[PDB]
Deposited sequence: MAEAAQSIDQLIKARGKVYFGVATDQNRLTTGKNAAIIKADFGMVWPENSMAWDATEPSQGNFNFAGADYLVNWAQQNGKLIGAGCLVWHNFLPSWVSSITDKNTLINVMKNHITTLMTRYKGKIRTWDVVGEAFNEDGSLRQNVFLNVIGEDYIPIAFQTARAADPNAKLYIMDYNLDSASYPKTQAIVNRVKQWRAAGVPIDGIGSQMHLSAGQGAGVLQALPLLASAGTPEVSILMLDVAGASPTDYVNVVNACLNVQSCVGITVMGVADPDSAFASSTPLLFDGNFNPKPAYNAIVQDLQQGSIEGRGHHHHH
């Protein structure tokens, strides 16, 4: 049927992409590769770029999984996003146990530089820092904050910019879906401050793991995120419990409404492959058929 690719359609509305998280296992099973080829314009590593996947012991990197994704995307004419370079998730014990500031700075910089160098010029977007905020808006006391202090964030970004000046560098977080929530306000205020200091934060990414009914709030939250003045914002990790068309369409329209929002990435293709499968929160069902939300996004994006 005509005009059924949400990536094609969103590009026709002036956005950069509709993306999806994937990896080698997905691409070689199910109908994921077919759907991604037809319907999506950008891919991200669901897991293969995580620190645990990529640097399981100090200085010793594992690239096979990430290489597969990058190669597949290149072969299929897809943009690539990657991350997360610095966050509290998926950290090897060898990182978490470091207590010396200069050591951890250099570990972090080597992790950033190594990964970004390997894929230099190939990656549109890097999520450099993730999940840096507490729910109250204070900085999360992860190993980086505890050992390095708050400079870890400027250092990460500056390191990333040096490693691959072509990439757009993002900070990302979750629970940025309500404009009145302290975390949402805080990331804006801190990103403004960091950018005023010359930190090269090109984007804020909103990890939109949503419960039912939360789409509507994003119409206010996304404009708020864009007010930090980054050149870009994006929607990441999108899924919605229940997959209501109302929620999905509100999210998409938030993207359309926000000039600086470049695109939307969904957390996966088909429901059974979600970490939240019982909430059937994705755009394709367990037989790989598009769900009502997919079709509602198509109608919303269709336009002489």
*Can you list the gaps, numbered from 1 on the deposited sequence, where no C-alpha is modelled?*
1-2, 306-307, 309-317
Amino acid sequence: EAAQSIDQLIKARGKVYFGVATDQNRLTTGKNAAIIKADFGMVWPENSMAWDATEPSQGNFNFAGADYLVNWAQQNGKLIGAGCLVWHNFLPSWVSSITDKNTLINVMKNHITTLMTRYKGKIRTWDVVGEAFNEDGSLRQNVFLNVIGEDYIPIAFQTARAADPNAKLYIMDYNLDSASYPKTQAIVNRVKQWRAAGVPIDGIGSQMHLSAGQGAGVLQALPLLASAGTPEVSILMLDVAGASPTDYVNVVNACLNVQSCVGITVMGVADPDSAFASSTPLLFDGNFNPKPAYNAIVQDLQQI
From here on, numbers count along this sequence of modelled residues.
_So, looking at the entry's B-factor column for Cα atoms, which has the higher mean, 174-182 or 89-97?_
89-97
*On mean C-alpha B-factor from the PDB entry, just flag whether 241-249 or 31-39 is the higher one.*
241-249
_Just to confirm, going by the entry's C-alpha B-factors, which of 76, 141, 113, 207 comes out highest?_
141
*Name the one of 105, 233, 82, 218 with the greatest CA B-factor according to the PDB entry.*
105
*Mind checking which third residue 292 falls in for C-alpha B-factor across the chain?*
highest
*Looking at the C-alpha B-factor of residue 24, is it in the lowest, middle or highest third of its chain?*
middle
*Which third, lowest, middle or highest, does the CA B-factor of residue 265 fall in along this chain?*
lowest
_residue 50 CA temperature factor, ranked by third within the chain_ = highest
*In terms of the chain's CA B-factor thirds, is residue 187 lowest, middle or highest?*
middle
